[PDB]
Amino acid sequence: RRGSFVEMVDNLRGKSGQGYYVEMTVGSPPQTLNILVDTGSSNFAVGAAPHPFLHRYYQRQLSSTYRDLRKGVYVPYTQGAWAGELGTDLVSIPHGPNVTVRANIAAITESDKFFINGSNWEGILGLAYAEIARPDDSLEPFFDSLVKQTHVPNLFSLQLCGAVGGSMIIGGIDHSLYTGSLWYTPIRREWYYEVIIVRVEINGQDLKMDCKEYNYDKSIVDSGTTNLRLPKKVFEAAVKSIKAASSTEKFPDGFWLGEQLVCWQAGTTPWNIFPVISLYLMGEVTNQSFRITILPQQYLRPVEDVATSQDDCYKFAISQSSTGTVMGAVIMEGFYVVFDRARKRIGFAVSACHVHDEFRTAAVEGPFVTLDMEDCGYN
Ligand SMILES: C[C@@H](NC(=O)c1cc(C(=O)OC[C@@](N)(CO)Cc2ccccc2)cc(N(C)S(C)(=O)=O)c1)c1ccc(F)cc1
């Protein structure tokens with residue numbers, strides 16, 4: 001009910017749908033930058049040269065504590081890619097833990113389709129494990145450095161408030177950020193924050209697919225990915241069920257593919273015609289699962305208005321993927337997500353800031369009985 005972590009509350013911002021970032025100050029004297037909170041990768045990288053989309057950048061020559069690692073780094077993602085030089089410097093998070101650590105920093109000097117115009121962030125904070133760090137797992141991720149050099153508990157939690165702001169509690173959990181109970185799912189393996197989905201429902205209706213399909217390849221949590229990305233087959237079955245569940249109004253095919261937008265007169269969006277979506281996650285006890293349920297307010301994202309007009313345009317934010325399921329902002333904006341690294345688990349609870357209406361709310365409920373959940377994972 002109280003909050004010893006109060007100063008970290010509301011420490012995140014976003015330029016409405018383009019990424020949640022936190023201020024991080026690197027080097028000496030201080031150089032503060034807006035850094036994208038990303039749980040889908042493991043490199044701490046900051047723009048280090050002028051870019052059209054960058055208002056400011058890291059200037060290594062002005063930092064007396066900067067140390068060159070004399071090694072380059074290249075990082076390509078599903079979307080965008082960048083190249084930089086590796087080094088280390090002192091790093092603190094003003095509205096984060098009260099510590100300063102010497103961390104690895106990749107100075108971004110060149111990039112393609114990575115930075116986002118108007119997003120207001122100039123770097124990325126990869127919060128995932130060393131296994132997926134580039135060039136290799138010997139480049140210690142920022143959080144690993146934090147835990148090794150300080151006594152900050154090995155845990156962080158995220159509250160991404162959609163519509164843009166939120167909180168990144170480092171080293172603990174803050175009760176004012178969620179309601180109800182926290183339900184935990186095992187981190188299957190320490191590389192990406194991999195989890196296991198055992199069941200999927202649309203408006204309470206089971207999609208009825210072997211659970212292996214839901215995590216075909218893998219299922220991860222990535223705060224730096226906009227949508228709820230699903231394996232091809234799952235996406236197709238999900239779209240058909242959602243269409244059938246919202247038949248009171250027809251939409252062009254391109255809407256479901258994210259290629260077309262639909263706009264309603266300001267404040268008229270018929271949220272009620274769209275179904276809620278539930279993902280069941282492996283629990284912490286044998287044959288026990290729990291489910292998280294999002295509303296259309298989460299998977300139907302607002303598109304930067306033409307100029308504050310009377311037209312609310314939306315994009316269907318559930319898309320397909322060829323690299324497994326990716327639970328992005330669409331999922332996270334409905335909940336307070338606890339990345340309990342110490343106990344190799346991720347917790348979910350209803351967010352105190354998720355967008356909902358007077359009829360429905362996002363939810364986290366359990367427990368449920370689910371057999372053979374172990375088989376759901378891809379080997
Ligand atoms: C910041 C931005 N991310 C993207 O716009 C993005 C990134 C990646 C992606 O591949 O990201 C990989 C990465 N997250 C791994 O860590 C790195 C990354 C971060 C920022 C920009 C590009 C790539 C995939 C996709 N998709 C293909 S999508 C349309 O969502 O299906 C979108 C974003 C995140 C949270 C929000 F609330 C709104 C906007």
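Counting convention: from 1, in listed order, for ligands and their atoms alike. One-based numbering along the sequence shown.
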Subset of ligand 1 atoms that lie under 4.0 Å from at least one heavy atom of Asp38
13 (C), 14 (N), 15 (C), 16 (O), 17 (C), 18 (C), 19 (C)
Could you list the donor-acceptor pairs under 3.5 angstrom formed between side-chain atoms of residues 366-379 and any protein atom two or more places apart in sequence or on another chain?
from   : atom 1 : to     : atom 2 : distance (Å)
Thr370 : OG1    : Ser289 : OG     : 2.9
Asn379 : OD1    : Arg188 : NH2    : 3.4

Do any nitrogen or oxygen atoms of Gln79 come within less than 3.5 Å of a nitrogen or oxygen of ligand 1?
yes
Closer than 4.0 angstrom: is that true for some heavy atom of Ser223 and an atom of ligand 1?
yes
Contacting atoms of ligand 1, where contact means under 4.0 angstrom from a heavy atom of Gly17
38 (C), 39 (C)
Would you mind telling me if ligand 1 is within reach of the side chain of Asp222, the backbone, both or neither, using heavy atoms under 4.0 Å?
side chain
Applying side-chain hydrogen bond (donor to acceptor under 3.5 Å, both in side chains), can you list everything that pairs with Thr179, at least two apart in sequence or on another chain?
none
Using a 4.0 Å cutoff against the non-hydrogen atoms of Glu333, which atoms of ligand 1 qualify?
37 (F)
Here the atoms of ligand 1 under 4.0 Å from any heavy atom belonging to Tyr20 are 37 (F)
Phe115 and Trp121 aromatic ring geometry - parallel, tilted or perpendicular at 30°/60° bounds
tilted
Geometric cation-pi criterion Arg341 and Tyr129, 6.0 Å radius, 45° cone
yes
What atoms of ligand 1 come within less than 4.0 Å of a heavy atom belonging to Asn227?
28 (S), 29 (C), 30 (O), 31 (O)
Considering only protein heavy atoms, which is closest to atom 11 (O) of ligand 1, and at what distance to one decimal place?
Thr225 OG1, 3.5 Å
Does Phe115 have a non-hydrogen atom less than 4.0 Å from ligand 1?
no
Proximal ligand 1 atoms for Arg229, defined as those under 4.0 Å from one of its heavy atoms
27 (C), 31 (O)
Counting only heavy atoms closer than 4.0 Å, does ligand 1 sit against the backbone of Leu160, its side chain, both, or neither?
neither
Quick look: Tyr21 vs ligand 1, heavy-atom contacts under 4.0 Å, and the answer is neither
Given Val330, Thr226, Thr323, identify the one with the heavy atom nearest to atom 33 (C) of ligand 1.
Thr226
Sub-3.5 Å N/O-N/O distance, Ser41 and ligand 1
yes
For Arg301, the ligand 1 atoms with a heavy-atom partner under 4.0 Å come out as 37 (F)
Assign the ring pair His175 / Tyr178 to parallel, tilted or perpendicular, where the plane angle (0 to 90°) is split at 30° and 60°.
tilted
How many angstroms lie between CD1 in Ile173 and CZ in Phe5, if you round to the nearest 0.5 Å?
8.5 Å
Has ligand 1 got any nitrogen or oxygen that is less than 3.5 angstrom from a nitrogen or oxygen of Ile116?
no
Could you tell me which atoms of ligand 1, counted from 1 in the order shown, lie closer than 4.0 angstrom to a heavy atom of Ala329?
35 (C), 36 (C), 37 (F)
Of the non-hydrogen atoms in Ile35 and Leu125, which two are nearest, and what is the gap between them?
CG2-N, 3.3 Å
Answer with yes or no whether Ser319 contacts ligand 1, where contact means a heavy atom under 4.0 Å from a ligand atom.
yes
